[PDB]
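S.K.: these are from a larger complex, still in place; more later:
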Amino acid sequence: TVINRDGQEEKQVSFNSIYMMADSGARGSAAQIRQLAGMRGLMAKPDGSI
Amino acid sequence: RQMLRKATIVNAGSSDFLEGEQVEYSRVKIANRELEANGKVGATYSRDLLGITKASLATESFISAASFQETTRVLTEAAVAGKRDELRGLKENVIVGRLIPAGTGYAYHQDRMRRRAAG
Amino acid sequence: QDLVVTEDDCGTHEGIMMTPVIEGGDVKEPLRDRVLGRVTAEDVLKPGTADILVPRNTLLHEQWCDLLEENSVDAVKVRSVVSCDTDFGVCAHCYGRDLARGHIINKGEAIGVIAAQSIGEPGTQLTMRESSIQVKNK
Amino acid sequence: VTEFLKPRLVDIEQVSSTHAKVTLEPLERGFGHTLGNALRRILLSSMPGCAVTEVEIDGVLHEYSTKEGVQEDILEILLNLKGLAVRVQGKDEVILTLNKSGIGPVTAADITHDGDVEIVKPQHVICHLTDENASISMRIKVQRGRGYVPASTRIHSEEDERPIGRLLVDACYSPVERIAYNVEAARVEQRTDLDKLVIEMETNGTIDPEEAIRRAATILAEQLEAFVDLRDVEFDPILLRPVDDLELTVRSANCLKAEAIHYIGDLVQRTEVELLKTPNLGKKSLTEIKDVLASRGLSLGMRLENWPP
Amino acid sequence: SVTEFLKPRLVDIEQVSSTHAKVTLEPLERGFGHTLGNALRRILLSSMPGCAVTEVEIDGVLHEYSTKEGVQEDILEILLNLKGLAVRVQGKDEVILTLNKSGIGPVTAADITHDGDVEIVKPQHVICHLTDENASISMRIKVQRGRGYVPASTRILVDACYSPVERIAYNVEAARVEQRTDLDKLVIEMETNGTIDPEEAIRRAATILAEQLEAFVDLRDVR
Amino acid sequence: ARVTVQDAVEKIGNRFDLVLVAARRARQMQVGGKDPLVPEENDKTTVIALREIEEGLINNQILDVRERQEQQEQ
Amino acid sequence: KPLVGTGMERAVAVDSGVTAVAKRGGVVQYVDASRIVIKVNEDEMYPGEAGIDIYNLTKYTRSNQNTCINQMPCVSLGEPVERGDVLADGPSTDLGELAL
């Protein structure tokens, strides 16, 4: 998250709501966020195989 | 510890070959026989591991056994045994409804024991 | 359920060794919580010979734990309840407290319930289920 | 405390009969937001209003029923009358009749005229008729209240019971129904920089905006009279008659006068074992006292806390 | 019956010290505690007459950064101690103070020269640090009037805290009179840096809040 | 209100016997014949007894001495 | 009615049978809170019949779940209703669409 500054070299921690909820530890995790933005993954188990 | 009881002995040591006496007793006997009269009555024992459920079957208080396993059988076992429970288990007291010998009731039970001989 | 604290003093100096477990790749549990609510053995040894830190009848209030964390001790024997007993109940010093209280365990507390209840409390575990050796540091 | 200039109300605006755009005046920095917030929460929580309180129809008997000849249900008629706007005069608890026959939708304009009753929006329908021979007649009692009062918290108003054919409706007593505010810069620049907040507000068409504002400022000015000068730095037993009327046969009165016995209750808070420690009375006298107090003293058994004079 | 409301009768105060105070008000109408609490908190903290230091001119570099010169105290700590100084003026707008104490002990608040209108509530307040053996400097400070709080960015070095109240807070609890519960009760906690009685501060704030609304009503619905 | 029971626990040091000591004292205070040594604050007999025990006055030793004195005096 | 749905609400409310659907109906002549009559067109009815269809609405009848059911007409007066259209809305129904 870049913010206006004379030097513009901030590289500060973003203030996203879900990101803050994940990092603080209130609710959620990385494995639950990655299924909302990126790909859920394999996620397949009808039997003892993939 | 709750599952490290029911050991077996090899030597008689003024005691019969019961092969399964409780470790507690397997020590108390010695503590009463070795230093008092003669140490040669000491019998070596081997602490054998017993199943977490099987150890429950070693509960002498049948009143606190029927609620843990099949009742009828145990009942008959006591009958052919004609044994007594003497209400030495917490559950037992609960079935009777008095104060348990633990917690705030511990002291109470202590007093009860003080009422055994002295009164 | 049939466990009730009926004895105050253990009477024996026996015990079991307590060392931090290691799996090679990383340390799973340091020697700070395995000895936290524990009473030390008959004598503890320092890296320097002819030295003692705590006697056999002192409980660790995390201060001697922080002290041992500075001395880098590794071999500490801990008195347990399975190795030492009075043929009935559980001795006090030989069990520590490790409960919601900061003092030592008192006579009469149901150890046999808190134990075998804290074991079955986590009822949400799960259901129905090379040649060369590298080093991490020096 | 240097100047502290007050806000003289001026330039009142009335766009429509419901919405309004009353502006306030010239004020000091910081006062606008707190003033708007203090006037918004009072104009909405505490404001007198005249809303429909009771409806009584001759034909219908209860709410969960229907009348032959109309379109909407009887329950819907109460829901439509619950949002009626009316400004009543000085007198309270006004009741008006309403009768209409035909096939046209009964509106609020065909209500019998009364001196103290005024309707502002007679363009709303109350019910509908579908038969020529169908006729409806009812009465409506309207009162004035501070704020919302449900039927289950009014149903207790009647002393005992209400005649069959009398149903109650919910009261709102909040004619404002929409109020907001917004602050901006001030028009005059010659003076020290100020502000000017405007109180936008849509009512139901019952109370005037200026009246509510003045009445919404007089409630916040009289309630602040306790924060202007901080100062400040019965239960009894029913049985209290004297020892008389107890029919003291021979020596009961003498024993009560010698023992300094109180009126009634002190004899009740006594034990039969301690009564024998008194001077010689006798088992017969004790049984007589027990039989006498079996109707008033209640077996001489009671544990009282204290005795007031 | 519709225009009559409830008035708080339990106006007892249970202050601890001369600066800390807690005033409780049990009987109040529903949905009125928060309004009055926020109004008082916004009025007494953003608009209140008082005195405070506005700028300082000490001997040295005009910039705020300077050395100790034997004082051994940072220049930022000296300006901070001058901010929390309770000064009261009787009948003047602005005034100047000047003093130069010999470097033998801790510089207290009593070292300021006494004027006709300048008054201090605590002459034992810490202003400067103990010098080494001979270091001494002149203060040359000044105070003025104002309201609320003014930072150093907007107006000019040492921040001018005209607001005498140091901390203010309000809490709302539930209470009942005879039958109905949920009636809000207000508890106001306040700490002031002296020179003003807490109860007198609440009284003055209430009078300021009331004197700004008597024209909007123009004697209407008054009893 | 003895919100938290920590003082009387320190005074006893058993956590279990404190209940037994405060029980008989509260029962005596409720049945009558004894006056609270500590000033009451409209609480119940149990709270008053526990606050008096927390003050280091009433314990398992003073009550026995008081009972023996009452028995000897009568 | 829901401001956002799937469209299947209409079919659900129709097939539920709790409402009052119209069969072989034409011009409506009289409606009421519990009774509705419909005059069928001449080219629809069979000979030997008057040509009217009556509909009695369920009004405050006890249900198996200790709840209430009620029906109200959606037409006012002189409105033609084709075959298959709805006439009244039962519980949790609004204009032929399911409104829970």
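M.R.: Structure's in. What do you need? Residues are numbered from 1 along each chain as shown, chains lettered A, B, ... in the order given.
S.K.: which strands or helices does the helix or strand hosting residue D:290 pack on?
M.R.: Element membership of residue D:290, judged by DSSP states H and E, is helix D:283-293. Here helix D:283-293 touches helix D:252-258, helix D:265-268, going by 3 or more Cβ pairs under 8 Å, 6 or more residues apart in numbering or on different chains; DSSP states H and E. To be clear about C-beta, it is placed using only N, CA and C from the backbone, and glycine gets the same treatment.
S.K.: now these as CSV including distance to residue G:57?
M.R.: Shown next, in CSV, are the helices and strands packed on helix D:283-293 (distance: least, Cβ to Cβ, whole Å):
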stretch, distance to residue G:57
helix D:252-258, 79
helix D:265-268, 68
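S.K.: most tightly surrounded among the ones you listed?
M.R.: Most buried of the helices and strands packed on helix D:283-293, by mean neighbour count (mean count of other Cβ atoms under 10 Å in any protein chain shown): helix D:265-268, with a mean of 17.
S.K.: neighbours around residue D:302, how many?
M.R.: Counted with other Cβ atoms under 10 Å in any protein chain shown, the neighbours of residue D:302 add up to 14.
S.K.: hang on, it packs against residue D:268?
M.R.: Yes: assessed by Cβ atoms under 8 Å, residue D:302 is found in contact with residue D:268 at 4.5 Å.
S.K.: next up, the contacts around the closest residue to chain G within chain B.
M.R.: Across chain B, no residue is closer to chain G than residue B:67, which sits at 40.9 Å (Cβ to the nearest Cβ). Listed by Cβ atoms under 8 Å, 6 or more residues apart in numbering or on different chains, the contact set of residue B:67 reads B:91, B:95.
S.K.: throw chain H onto that model:
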Amino acid sequence: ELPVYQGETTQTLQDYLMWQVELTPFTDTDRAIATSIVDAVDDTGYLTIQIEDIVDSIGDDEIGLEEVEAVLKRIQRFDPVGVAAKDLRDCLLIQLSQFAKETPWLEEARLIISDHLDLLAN
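M.R.: Let me put chain H in with the others:
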């Protein structure tokens, strides 16, 4: 779904008269009398036997006849007042004494009931 179908122990106007006895304060001797009295009460509400009968059935010649009266004079202001009346008439007397003396013609009615019921019978 075991031995007892459901099993419920109904209260009844005997157990309800017994309930009150406990709550009320009597001595150990008065308690017995009362137990005996309530045994004599029937479904209709009337002490079944007699006054002196209870005194003769208690087997102790000591206990006076007024002793029972004293107890019996307080048991009949229990729940339904006028329970355990003595021959379908003391009921009115007990029931009347109960409510307040502000009733319009309490004097008159008391006088009627006292000795003039035979006349009212016709």
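S.K.: can you check what packs on helix D:283-293 again with chain H included?
M.R.: If you count contacts as 3+ Cβ pairs under 8 Å, 6+ apart, helix D:283-293 packs onto helix D:252-258, helix D:265-268, helix H:65-72.
S.K.: mind listing residues that contact that helix?
M.R.: Residues outside helix D:283-293 that contact it (Cβ under 8 Å, 6+ apart): D:246-247, D:249, D:251-252, D:267-268, D:272, D:275-276, D:299-300, H:64, H:66-67, H:69-70, H:73.
S.K.: and residue A:22, how many neighbours does it have?
M.R.: So residue A:22, with other Cβ under 10 Å, has 16 neighbours.
S.K.: buried residues in stretch H:88-101?
M.R.: Across stretch H:88-101, burial judged by 16 or more other Cβ atoms under 10 Å in any protein chain shown covers H:90-95.
S.K.: now the helices and strands packed on helix D:283-293 in JSON lines, with distance to residue C:2?
M.R.: As requested, the helices and strands packed on helix D:283-293 are exported to JSON lines (distance: least, Cβ to Cβ, whole Å):
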{"stretch": "helix D:252-258", "distance to residue C:2": "66"}
{"stretch": "helix D:265-268", "distance to residue C:2": "55"}
{"stretch": "helix H:65-72", "distance to residue C:2": "53"}
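S.K.: quick one: secondary structure of the nearest residue to residue A:28 once chain neighbours are set aside?
M.R.: Nearest-residue entry for residue A:28: residue A:22, 4.8 Å, with adjacent residues in sequence omitted and distances by Cβ to Cβ, 6 or more residues apart in numbering or on different chains. For residue A:22, the assignment made with DSSP: H, G, I helix; E, B strand; the rest coil gives helix.
S.K.: show the contacting residues for residue A:22.
M.R.: Counting by Cβ under 8 Å, 6+ apart, residue A:22 touches A:28-30, A:32-33.
S.K.: looking at chain F, which residue is nearest chain E?
M.R.: For chain F, Cβ to the nearest Cβ, closest residue to chain E: residue F:41, 15.8 Å.
S.K.: also, this goes in as chain I:
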Amino acid sequence: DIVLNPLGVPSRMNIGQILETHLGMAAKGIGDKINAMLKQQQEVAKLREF
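M.R.: Okay, here's chain I dropped in alongside the others:
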């Protein structure tokens, strides 16, 4: 009129309800515009076009 917990959406993956909420806000904005056009008494042509 209704206030919910924002801590639910991250763990309990229910982005559908938030989409439903945004769509309902859009539909209510449209409904408010239509109600304004009806109350301000515009011609039938403008309403039909809208």
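S.K.: same question on the neighbour count of residue A:22, but with chain I included?
M.R.: 18.
S.K.: to clarify, my last question referred to residue B:39.
M.R.: Neighbours of residue B:39 under the rule other Cβ under 10 Å: 11.
S.K.: again, but for residue B:117
M.R.: Neighbour number of residue B:117 under other Cβ under 10 Å is 6.
S.K.: gap between it and residue B:36?
M.R.: Between residue B:117 and residue B:36 the distance, using Cβ to Cβ, to the nearest Å, works out to 21 Å.
S.K.: C-alpha coordinates for the helix holding residue D:290, CSV please?
M.R.: As requested, the backbone C-alpha atoms of helix D:283-293 are provided in CSV (Å, rounded to 0.1, in the frame of the first residue of the first chain):
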residue,chain,number,x,y,z
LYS,D,283,-52.0,-23.8,81.4
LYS,D,284,-55.7,-22.8,81.2
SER,D,285,-54.7,-19.2,80.6
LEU,D,286,-52.1,-20.2,78.0
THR,D,287,-54.7,-22.3,76.1
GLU,D,288,-57.2,-19.4,76.3
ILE,D,289,-54.6,-16.9,74.9
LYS,D,290,-53.8,-19.4,72.2
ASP,D,291,-57.4,-19.9,71.3
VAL,D,292,-58.0,-16.1,71.2
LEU,D,293,-55.0,-15.4,69.0
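S.K.: quick one, that helix and helix H:65-72 angle?
M.R.: Counting by axes from the mean of the first three to the mean of the last three Cα atoms, to 10 degrees, helix D:283-293 lies at 30 degrees to helix H:65-72.
S.K.: off-centre distance for helix D:283-293?
M.R.: Chain-centre distance of helix D:283-293: 54 Å, with Cα atoms, centre = their mean, to the nearest Å.
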